[PDB]
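Numbering (mature numbering (1 follows the signal peptide of the UniProt record, and there is no 0)), first residue to last: 7 to 229.
The beta-carbon is built from N, C-alpha and C at its ideal position, and this holds for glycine as well.
Notes to accompany the following structure.
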Amino acid sequence: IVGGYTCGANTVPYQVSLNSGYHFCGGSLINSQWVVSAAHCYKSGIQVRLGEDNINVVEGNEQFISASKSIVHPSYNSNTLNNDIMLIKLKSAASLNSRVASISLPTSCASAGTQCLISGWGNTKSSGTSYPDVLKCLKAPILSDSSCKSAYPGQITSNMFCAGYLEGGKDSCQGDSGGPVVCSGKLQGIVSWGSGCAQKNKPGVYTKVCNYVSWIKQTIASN
Ligand SMILES: O=c1cc(C(F)(F)F)c2c([nH]1)CCC2
Ligand SMILES: [Ca+2]
């Protein structure tokens, strides 16, 4: 996250870190057994780390649970990033409490202008590289479809939305991939892609979660 703020320990209780020896992606806890992330975060050997603030220090609220199964969306295209969504099942159920909590799926899509919270352990620099230990947060509005398409000619599908600031300075960045965009207490987006970070007229692009609720529910119901 570039241009954000330190969230505070366990203030984003649905935020997960995906770890394969090191943090490589975020995700969102959606029930005691299941995490939503980006399809571009797929790999084998995932350990889900819940209750994290400093990802380099055991602070006492963590739960570390290996994935038993990952399910990349059937229509994910890794070239265009269309349908950039994945489900990860935990080997055991997380213990839910104030600091480890699921985030509600949307019942309706969110409109341009809606204020959201984006979070992660990604790069905090737009030029150069610095990776934080503690969770970073950014308040950002959803941008209009027309301004998203103007920013990225030929690249924005009906399964994507832009959020952020056309002036630049505030954005998600490398390592935030797969993490949450939460608006009015609902998971509306997944950190998907951009062009650099925090550049003028290049806001972050997010998977449009409301399009996937049926798939998420029926996948969970049978897996
Ligand atoms: O190179 C990147 C990679 C990402 C990623 F990987 F989706 F997090 C992002 C940006 N730029 C800006 C929005 C999120
Ligand atoms: Ca920790």
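Residue i, buried or exposed, once every other Cβ within 10 Å from all chains shown has been counted against 16
i    : result
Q121 : exposed
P209 : buried
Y11  : exposed
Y20  : buried
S114 : exposed
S178 : buried
Strand pairing of residue i, partner residues [DSSP]
i    : result
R55  : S23 and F70
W199 : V211
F167 : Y212
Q205 : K208
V64  : Answer is none; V64 lacks a bridge partner.
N37  : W40
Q121 : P147
Simplified DSSP state of residue i, which is helix, strand or coil
i    : result
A45  : helix
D177 : strand
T12  : strand
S153 : helix
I222 : helix
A227 : helix
Query raised in the report: Are three or more beta carbon pairs between the stretch 110-127 and the stretch 171-190 nearer than 8 angstroms?
Result: yes
Query raised in the report: Can at least three beta-carbon pairs, one atom from the stretch 103-112 and one from the stretch 159-167, be found at a separation below 8 angstroms?
Result: no
Requested in this report: Examine the Cβ distances between the stretch 219-228 and the stretch 135-152 and report whether three or more of them are shorter than 8 angstroms.
Outcome: no
Query raised in the report: Is the number of C-beta pairs between the stretch 41-48 and the stretch 72-87 that are closer than 8 angstroms three or more?
Result: yes
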